[PDB]
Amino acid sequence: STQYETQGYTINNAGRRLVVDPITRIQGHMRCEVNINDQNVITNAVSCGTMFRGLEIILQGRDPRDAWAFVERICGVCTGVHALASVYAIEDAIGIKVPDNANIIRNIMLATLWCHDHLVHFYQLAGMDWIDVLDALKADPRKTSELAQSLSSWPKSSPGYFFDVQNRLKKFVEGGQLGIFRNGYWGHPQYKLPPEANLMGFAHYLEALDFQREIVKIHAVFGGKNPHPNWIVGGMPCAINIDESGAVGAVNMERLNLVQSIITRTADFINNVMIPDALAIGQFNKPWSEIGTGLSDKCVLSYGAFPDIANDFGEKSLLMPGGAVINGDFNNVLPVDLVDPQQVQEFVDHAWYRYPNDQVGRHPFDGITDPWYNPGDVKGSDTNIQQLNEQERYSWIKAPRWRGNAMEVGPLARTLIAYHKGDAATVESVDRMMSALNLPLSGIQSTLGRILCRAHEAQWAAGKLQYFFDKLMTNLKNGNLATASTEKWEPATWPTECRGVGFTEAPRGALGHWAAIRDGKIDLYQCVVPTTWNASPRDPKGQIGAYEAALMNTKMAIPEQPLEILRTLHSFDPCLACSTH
């Protein structure tokens, strides 16, 4: 065994090893291993991405105009965000400026995805870590109604409703076919909600499962379909025609009316179902404001997103701020430059790839994706792993660092950055949330806080949808209909050699695509994705990434039942296909 110190942690792989493979209620394939001491406290954590496809390799030699469509298939959960990063990157390389309406519609696509992805995560992925579904069978329907009505104006709260939901669940489990509930962690001592709150939450899980399908109708209008809407280099393909012949063949008033109807419904659901449920989880699980901090009190990163001034990716334009904090110094939000070779770098000393020198980091314009499956001295064998060897290569995920620092990305990271840059809306929302919970601001830097910040961001994004829609309509009222710039569509108009960066904030955090074009074709295409940051393996200094750090020092009630590990991992909304691409 070995022990070393990094980032205020003592990383010690003596003692009992626990393995969780597969991790479920995530996207993609993950393995987690931990060591626990005699006191059932995690002293070592190991994050492993167990899949790889090689989009960066597949993209070589493709037409830049096609790249969005390939990289969109990095992930169907965060669907659209890679397409957005891609058209941004190709436009940056070539020198294309899109019309205002295209930018506005792209911002609507992104805000729609934030609403959808955050909502579904809360209920379908993370919810069962907090809500004991089987305990809902013990609730009193009238007390459930009274609880719901004390928390929200949401209409659906009758005693008869909650009785009907409870009876549906009773019938579901009556034949012994428990389905997704089979062999769960029900009754674990860490389930703290009373029966009535479990029934309320379960009802809401079902309501969210139904309602989420509506949100993505906005993607269908502008992008054709969801999952995997369509985009173009130069803007969007959804030409607009409000008042001319042939509007039946375009985005017309009827299509825009559909979009408005979805926006209103989405804000209502988020504000009156998800927000009060997140606060209720907080109220009953306050100890989790001190568990899972990880890097969130040390190093956090946002690139920024939602440029309000078309084609301007600077600080005065981005509605979701960018910046970095290191060394726990939230008084110093630092600017991020994605071209600077000393800022974003990826290491592979602990990953299944080849570099010429694995002791140094490579900026994505110098990136290399040369897969090399070499797990070394595992317990078991290379095709039958009992324990990864975290002293050697242990993941398909590369290790990104910012100026050599290991960073957390995602809703909590963004919230901290915006708060400390003085964004008034973020400060007001965070302060009101933490006051409602009677918790200090530091309580947000935790597993509970990640969940609270996600809910905050769903509400933020739902409000921004309206803002963007109104901006689009203002342009239309002024006769500004344009949705594509085509003067550099043809390859002969492009520079013979050029490179660009496309970046945004996906639901799970900071996303970048780095592209080089030469002689009309993709010469290099490197992606660094939010879960690449968070699920990162170690670097040459032994520095641990956000997941491994958040798991460190966690108490387990029952070693064989990994509820605490699941709670913290799920609080990041892991996307493993994104992480590996």
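Residue numbers run from 1 along the displayed sequence.
**Asked** Should the higher mean CA B-factor in the entry be assigned to 40-48 or to 63-71?
**Response** Comparing 40-48 with 63-71, the higher average CA B-factor belongs to 40-48.
**Request:** Can you let me know which of the two, 425-433 or 271-279, has the higher average C-alpha B-factor in the entry?
**Result:** Result of the comparison: 425-433.
**From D92, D329, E254, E505, residue of greatest CA B-factor** = Highest CA B-factor of the listed options: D329.
**Prompt:** Considering only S152, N101, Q212, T447, which residue's Cα atom bears the greatest B-factor as recorded?
**Reply:** Within the set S152, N101, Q212, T447, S152 shows the top C-alpha B-factor.
**Message:** Test of reading the entry: by CA B factor among the chain's modelled residues, which third contains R538?
**Reply:** Ranked within chain, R538 CA B lands in the lowest tercile.
**Request:** Select lowest, middle or highest to describe the third in which the CA B-factor of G509 falls within its chain in this entry.
**Result:** Tercile = lowest for this residue's CA B-factor.
**Message:** Can you tell me whether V133 has a C-alpha B-factor in the lowest, middle or highest third compared with the other modelled residues of the same chain?
**Reply:** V133: CA B-factor falls in the highest third of its chain.
**Request:** Tell me, lowest, middle or highest third: where does the Cα B factor of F181 rank within its chain?
**Result:** Its C-alpha B-factor, which the entry lists for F181, ranks in the middle third among residues of this chain.
**Message:** Based on the deposited C-alpha B factors for this chain, I'd like to know if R53 is in the lowest, middle or highest third.
**Reply:** Its C-alpha B-factor, which the entry lists for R53, ranks in the lowest third among residues of this chain.
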